[PDB]
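Trainee: Handing you this structure, nothing more for now.
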Amino acid sequence: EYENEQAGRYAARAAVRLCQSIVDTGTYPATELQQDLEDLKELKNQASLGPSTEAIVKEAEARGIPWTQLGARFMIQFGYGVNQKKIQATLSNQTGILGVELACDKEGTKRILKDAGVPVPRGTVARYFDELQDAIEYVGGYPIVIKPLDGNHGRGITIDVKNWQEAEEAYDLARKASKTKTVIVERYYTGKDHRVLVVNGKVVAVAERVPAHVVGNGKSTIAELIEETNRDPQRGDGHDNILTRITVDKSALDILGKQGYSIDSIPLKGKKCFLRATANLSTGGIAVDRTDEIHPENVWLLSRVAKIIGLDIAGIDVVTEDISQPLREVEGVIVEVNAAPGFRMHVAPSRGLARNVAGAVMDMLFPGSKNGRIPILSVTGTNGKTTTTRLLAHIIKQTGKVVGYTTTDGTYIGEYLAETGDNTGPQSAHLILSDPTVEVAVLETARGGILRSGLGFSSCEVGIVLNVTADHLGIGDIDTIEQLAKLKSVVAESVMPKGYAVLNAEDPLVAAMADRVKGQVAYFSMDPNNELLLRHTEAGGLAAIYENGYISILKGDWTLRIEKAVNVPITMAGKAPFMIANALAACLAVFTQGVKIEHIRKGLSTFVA
Amino acid sequence: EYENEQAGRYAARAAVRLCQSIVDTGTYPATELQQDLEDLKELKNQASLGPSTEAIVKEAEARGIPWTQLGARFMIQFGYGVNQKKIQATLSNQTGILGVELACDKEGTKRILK
Amino acid sequence: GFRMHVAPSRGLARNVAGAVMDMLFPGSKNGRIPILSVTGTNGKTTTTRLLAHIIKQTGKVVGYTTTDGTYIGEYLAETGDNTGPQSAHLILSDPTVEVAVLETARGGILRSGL
Amino acid sequence: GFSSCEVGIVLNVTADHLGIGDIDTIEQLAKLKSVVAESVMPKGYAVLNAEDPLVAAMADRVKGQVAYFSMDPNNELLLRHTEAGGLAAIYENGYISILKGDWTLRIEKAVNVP
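Residue numbers (the deposited numbering), protein chains in the order written: chain A, 115 to 723; chain B, 115 to 228; chain C, 456 to 569; chain D, 570 to 683.
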């Protein structure tokens, strides 16, 4: 058993080498063992997804929704056929280009939000020095924030200035950093900052950010809290854990020096003393859950903002004195909107209740108690797989559905050929199930695919087993007909509880698969006097027989005749008895899915080989 | 009547100046007239959309569907309230981020199509 | 771009804009919502508020603008607003408004029109 | 009066009044009250009180899912049921909370309920 393909193969290759080295020398060097272990760890880390992706994948697996990994851009596809959805990290196939592009433009989104009445921080553009004073009149005085018009990742932007000389030097620095000599000055808003997550137009979680700080509640200074904090298991490196190690950098040391306290200075009255002012969880900030104590008007406003920008999943930054009051009484503003936010901060608040963000996302993708599954019919057997598969496809084509079917001849999507030189393994199944237009999948499953790579799907709605004959043996580890029966039993065993297993009652080996099969069992037989079939029909039903020149279906105590068995072109007026079994199997499989009798008749009369 | 707001205001401001210059001197210099005409042409060209946008806007107007110009990124909004749609040049609000990003990656789209 | 298809220079032109507009609005439908414009000398505000309250009884989101302020359904959107085209644009651009009720004063008609 | 019910709620069983009919023992009363819990369809739910041992003993011989409600948030049976499964309700810190497995959903402050 393995969890990662490359890691599993490497471990398998290394085990035999280790055993050979032991039997050759009596012991294995420790350095080689450590090399192998670190190589395994590197392999495991390499084939790993971003934490949001594992969260969503685990949530999907908890609901029984199939998921596959596309090879293009680390995209994950949920579902099959026309019911599939795609996610990358948090962006879905429904997320718009226009909304994402607008969110990346700060001035554009600010102007859009201002036109809709949403409170936004006041600001003004200026290009000449003498105009700055006038701008100070518009913003309302001090303090102010200086930023350049064209800049990414905060190039040359100050945080807080409260007098004339610092404002002048910050403006000069920004102008020397600005590419167009023009600078926006905006009113600095003080207050607690919150990060609100909006999914499908509804607020899911609200988190309050507190800047990285220390508290002297234990009557101790930083010299001991540095080791005290290291004992918490949450601390670590990377970008997967919310609690990162406290990096005492030169900038942070200068900030705490100008903060107004010293290394040995005890906090006054027992107040938190901050180490940085960025208020970031990656830096080492603290999240607080405030989902419950939010005013309904604020929720309505945030939902309106998310709908106005045009983002299904959005992260809004708010600055307010209190989140339990409307943003009008307090001087609250909307700072920025992010199109692809991470929710690692909301899953582990570290103070409060955790919120199920992955559940909300999965509910948005699949609204009701529905999964992205499509009808699947897997046909296996020794002799007549191809004809049965083609007959099933032709019969289902009579209904207005697009049918994708794979067989020995080639892979077909509806009416037009998709692949000529294809195999009947998992590759063709993946090709069929990934098409955005296929509604019903019909797959011929040969034993070679099962032995080499196994089945390409977790479960099937209909599993047909025609017959098992030991006409060819000696391949692989299959040397006995019992082994072949066990190999063919995989299709029957991998049937969901609401599915059907269509088995041949005449063959004792195939009929022995009645047990260890979840879901209903339907028998088809060329002999209408089979004891097992009659016993099954008397208590239950759903069998198919060939009684008096007729293809009949027994639904218990009732008999439904389909065709005269001589009007079917493939039977050649009944001269070929082998094709009648395939016709019986196909008709029974189609009937188990609810297709009307007249459709089956029309499909059977028209189909040609 | 005007077709462009800035062009119309400029023409209105220029007409009275031209008439005052005529009644003051008896004629208007040709260089100033050419300057005003080229300024009007520049104003008309400045407040113009990409040809796809005029095509779609004309088609929408032929069907009596209201259209407005948003001030963010040259986006055009059709309709009112819950029945509105947005287009930039040919991208709609229904166009996905994933599809656009995949189309820009040649190797990724080739591997997907294969 | 579809400028190449509109003017093939050899063959028949194709209506790409028509196809795009059909994709945006499938049937013979437009992006219009119910609009009620109230004008008068004396009782515009009371009539507008009464209309909004009556329509609110039906399960619809109503956006209405009057002298007091611009309201989107139940929650106040703008306190210090005018009854001109600006409030109308604010009402009609909201992605949740289904019925618009607007008080139209003569000042807005004289200054900027409807 | 019905063959099956979608939701069957059993609050508590106390032997405050006995001697009627053939019900003279609290076990007989528990068996009589167990009819509602037992007559629940496989897709239904049985809402039982985890604090009462007699009511909690009805966990077996019941078709369909079982949901426990308790006034004590430290009940061992409720926590064990939530760890493997979920759908319980508790009163933890002045809150009416619902446990859906590893998640807690708070409803009311328990003092705003009249």
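Yeah, the Cβ is synthetic: ideal placement off N, Cα and C, and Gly gets one too.
If you compare alpha carbons, which of A/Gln348, A/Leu545, A/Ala420, A/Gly330 is closest to A/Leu382?
Mentor: Translated into the one-based positions of the first sequence, residue 382 of chain A becomes position 268. Nearest option by C-alpha distance: A/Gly330.
Trainee: Pull the bridge partners of A/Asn618 from the DSSP assignment, please.
Mentor: Your numbering for residue 618 of chain A matches position 504 in the first sequence. Looking at the DSSP assignment, A/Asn618 forms a beta bridge with A/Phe638.
Trainee: Are the beta-carbon atoms of D/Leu623 and D/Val582 separated by less than 7 angstroms?
Mentor: Looking up residue 623 of chain D in the fourth sequence gives position 54. Looking up residue 582 of chain D in the fourth sequence gives position 13. Cβ atoms of D/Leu623 and D/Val582: closer than 7 angstroms.
Trainee: If the cut-off is 9 angstroms on Cβ atoms, which residues from the stretch 469-482 of chain C count as contacting chain B, listed in chain order?
Mentor: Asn470, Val471, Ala472, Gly473, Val475, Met476, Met478, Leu479, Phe480
Trainee: Indicate the three-state DSSP secondary structure (helix, strand or coil) for A/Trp181 in the structure shown.
Mentor: Counting from one through the first sequence, the residue named residue 181 of chain A turns up at place 67. Three-state DSSP puts A/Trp181 in a strand.
Trainee: According to DSSP, is A/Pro440 part of a helix, a strand, or is it coil?
Mentor: One-based indexing of the first sequence puts residue 440 of chain A at position 326. Per DSSP, reduced to three states, the secondary structure at A/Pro440 is coil, with no helix or strand assignment.
Trainee: Under 7 angstroms between C-beta atoms, does A/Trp672 make it to chain C?
Mentor: Taking the first residue of the first sequence as position 1, residue 672 of chain A is located at position 558. At a cut-off of 7 angstroms between beta carbons, A/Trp672 makes no contact with chain C.
Trainee: Could you spell out where the beta strand (DSSP E) holding A/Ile427 opens and where it closes?
Mentor: Position 313 of the first sequence, counted from the first residue, corresponds to residue 427 of chain A. For A/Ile427, the enclosing beta strand (DSSP E) begins and ends at 427-434.
Trainee: Going residue by residue through the stretch 464-522 of chain A, where are the continuous alpha helix (DSSP H) segments of at least 4 residues, counting only ones entirely within it?
Mentor: Runs found: 471-479, 499-512.
Trainee: Output, in sequence order along the chain, the residues in the stretch 182-210 of chain B whose CB is closer than 9 angstroms to any CB in chain A.
Mentor: If the cut-off is 9 angstroms between Cβ atoms, the stretch 182-210 of chain B has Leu184, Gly185, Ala186, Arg187, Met189, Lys200, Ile201, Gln202, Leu205, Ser206, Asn207, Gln208, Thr209, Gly210 near chain A.
Trainee: Does DSSP put D/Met610 in a helix, in a strand, or in coil?
Mentor: If you number the fourth sequence from 1, residue 610 of chain D lands on position 41. D/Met610 falls in the strand class under three-state DSSP.
Trainee: What separation, rounded to the nearest whole angstrom, lies between the Cα atoms of A/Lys290 and A/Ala128?
Mentor: Taking the first residue of the first sequence as 1, we reach residue 290 of chain A at position 176. Taking the first residue of the first sequence as 1, we reach residue 128 of chain A at position 14. Near 59 angstroms, if we compare the C-alpha coordinates of A/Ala128 and A/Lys290.
Trainee: Quick check: A/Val631 and A/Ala606, are their CB atoms within less than 7 angstroms of each other?
Mentor: Walking along the first sequence from the start, residue 631 of chain A turns up at place 517. Walking along the first sequence from the start, residue 606 of chain A turns up at place 492. Contact: yes.
Trainee: Should residue 570 of chain C be flagged as near chain B, meaning a C-beta pair shorter than 7 angstroms?
Mentor: No answer is possible for residue 570 of chain C: the residues shown for chain C start at 456 and end at 569.
Trainee: Kindly indicate which residue of A/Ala203, A/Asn662, A/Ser492, A/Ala393 has the alpha-carbon position closest to the one of A/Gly305.
Mentor: Reading the first sequence from its first residue, position 191 is the one you call residue 305 of chain A. It is A/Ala393 whose Cα lies nearest to the Cα of A/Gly305.
Trainee: In angstroms with no decimal places, state the Cα-to-Cα distance between A/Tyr375 and A/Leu389.
Mentor: Here residue 375 of chain A refers to the residue found at position 261 of the first sequence. Here residue 389 of chain A refers to the residue found at position 275 of the first sequence. The alpha-carbon atoms of A/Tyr375 and A/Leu389 are separated by roughly 11 angstroms.
Trainee: C/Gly563 and C/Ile546 look like a contact to me (Cβ under 8 angstroms); what is the Cβ gap, rounded to whole Å?
Mentor: In the third sequence, residue 563 of chain C corresponds to position 108, counting from 1. In the third sequence, residue 546 of chain C corresponds to position 91, counting from 1. With a beta-carbon spacing of about 13 angstroms, C/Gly563 and C/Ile546 fall beyond the 8 angstroms limit used to define contacts.
Trainee: What is the residue span of the alpha helix (DSSP H) that A/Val171 lies within?
Mentor: Stepping through the first sequence from its first residue, residue 171 of chain A is reached at position 57. Residues 165-176.
Trainee: Can you find the residues in the same chain that come closer than 6 angstroms, C-beta to C-beta, to B/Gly210, ignoring five residues on each side of it along the sequence?
Mentor: In the second sequence, counting from the first residue as 1, residue 210 of chain B sits at position 96. Excluding sequence neighbours, B/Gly210 sits near nothing in its chain.
Trainee: Can you find a CB in chain C that lies within less than 7 angstroms of the CB of B/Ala129?
Mentor: The residue given as residue 129 of chain B occupies position 15 in the second sequence. Not closer than 7 angstroms to any Cβ of chain C, the Cβ of B/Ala129 fails to qualify, so no.
Trainee: Who are the Cβ neighbours of B/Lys158 in its own chain at under 6 angstroms, not counting the five residues just before and after it?
Mentor: Walking along the second sequence from the start, residue 158 of chain B turns up at place 44. Once the five neighbours on either side are set aside, the close Cβ partners of B/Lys158 are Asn118, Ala121.
Trainee: For A/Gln198, count neighbouring Cβ atoms within 10 angstroms of its own Cβ and tell me buried if that reaches 16, exposed if not.
Mentor: Reading the first sequence from its first residue, position 84 is the one you call residue 198 of chain A. Per the 10 Å Cβ criterion, buried.
Trainee: Mind checking A/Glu338: buried by the 16 CB within 10 Å criterion, or exposed?
Mentor: To locate residue 338 of chain A, count along the first sequence from 1; it is residue 224. Exposed.
Trainee: From the DSSP output, in three-state form, read off A/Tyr660 for me.
Mentor: Within the first sequence, numbered from 1, the residue matching residue 660 of chain A stands at position 546. Here A/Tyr660 sits in strand by DSSP.
Trainee: Are the CB atoms of A/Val299 and A/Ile408 nearer to each other than 7 angstroms?
Mentor: Here the question's residue 299 of chain A lines up with position 185 in the first sequence. Here the question's residue 408 of chain A lines up with position 294 in the first sequence. In this structure, A/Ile408 does not lie closer than 7 angstroms to A/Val299 by Cβ.
Trainee: Under 7 angstroms Cβ-Cβ, which residues of chain D neighbour A/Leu311?
Mentor: The residue you call residue 311 of chain A lines up with position 197 of the first sequence. Going along chain D, no residue has its Cβ under 7 angstroms from A/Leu311, so there is no contact; the nearest lies around 16 angstroms.
Trainee: How would you list, in chain order, the residues of chain B whose beta-carbon sits under 7 angstroms from the beta-carbon of A/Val214?
Mentor: Within the first sequence, residue 214 of chain A is the residue found at index 100, counting from 1. The contacting residues are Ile211.
Trainee: Taking 7 angstroms as the CB-CB limit, is A/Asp406 close to chain D?
Mentor: Residue 406 of chain A sits at position 292 when you count from the first residue of the first sequence. Chain D, which has a Cβ nearer than 7 angstroms to the Cβ of A/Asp406, makes this yes.
Trainee: Under a CB-based cut-off of 7 angstroms, is B/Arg177 close to chain A?
Mentor: For this step, residue 177 of chain B is matched to residue 63 along the second sequence. Interface flag for B/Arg177 against chain A is unset, since no Cβ pair is found closer than 7 angstroms.
Trainee: For A/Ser542, is the classification buried or exposed, using 16 other Cβ atoms within 10 angstroms of its Cβ as the cut-off for buried?
Mentor: Translated into positions along the first sequence, residue 542 of chain A becomes position 428. Buried is the call here.
Trainee: Might you give, ordered along the chain, the residues of its own chain that have their beta carbon closer than 8 angstroms to the beta carbon of A/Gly178, omitting 5 neighbours on each side?
Mentor: Counted from its first residue, the first sequence places residue 178 of chain A at position 64. Here the set comprises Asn485.
Trainee: Consult DSSP for A/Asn696 and reduce its assignment to one of helix, strand or coil.
Mentor: For the purposes of this step, residue 696 of chain A is identified with residue 582 of the first sequence, where counting begins at 1. Looking at A/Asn696 - three-state DSSP - the assignment turns out to be helix.
Trainee: By DSSP's criteria, A/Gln148 is part of a beta bridge. Which residues make up the other side?
Mentor: For the purposes of this step, residue 148 of chain A is taken as the residue at position 34 of the first sequence. For A/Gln148, which the question treats as bridged, DSSP gives no partner whatsoever.
Trainee: Any beta-carbon of chain C closer than 7 angstroms to the one on A/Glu443?
Mentor: Residue numbering aside, residue 443 of chain A sits at position 329 when the first sequence is read from its first letter. No, its Cβ sits nowhere closer than 7 angstroms to a Cβ of chain C.
Trainee: C/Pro550 versus chain A: which residues are under 7 angstroms apart at the beta carbon?
Mentor: As a working mapping, residue 550 of chain C is identified with position 95 in the third sequence. Per Cβ cutoff of 7 angstroms: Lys421, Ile422.
Trainee: List, in order along the chain, the chain A residues whose C-beta lies closer than 8 angstroms to that of B/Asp219?
Mentor: Position 105 of the second sequence, counted from the first residue, corresponds to residue 219 of chain B. Residues of chain A passing the Cβ test: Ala186, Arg187.
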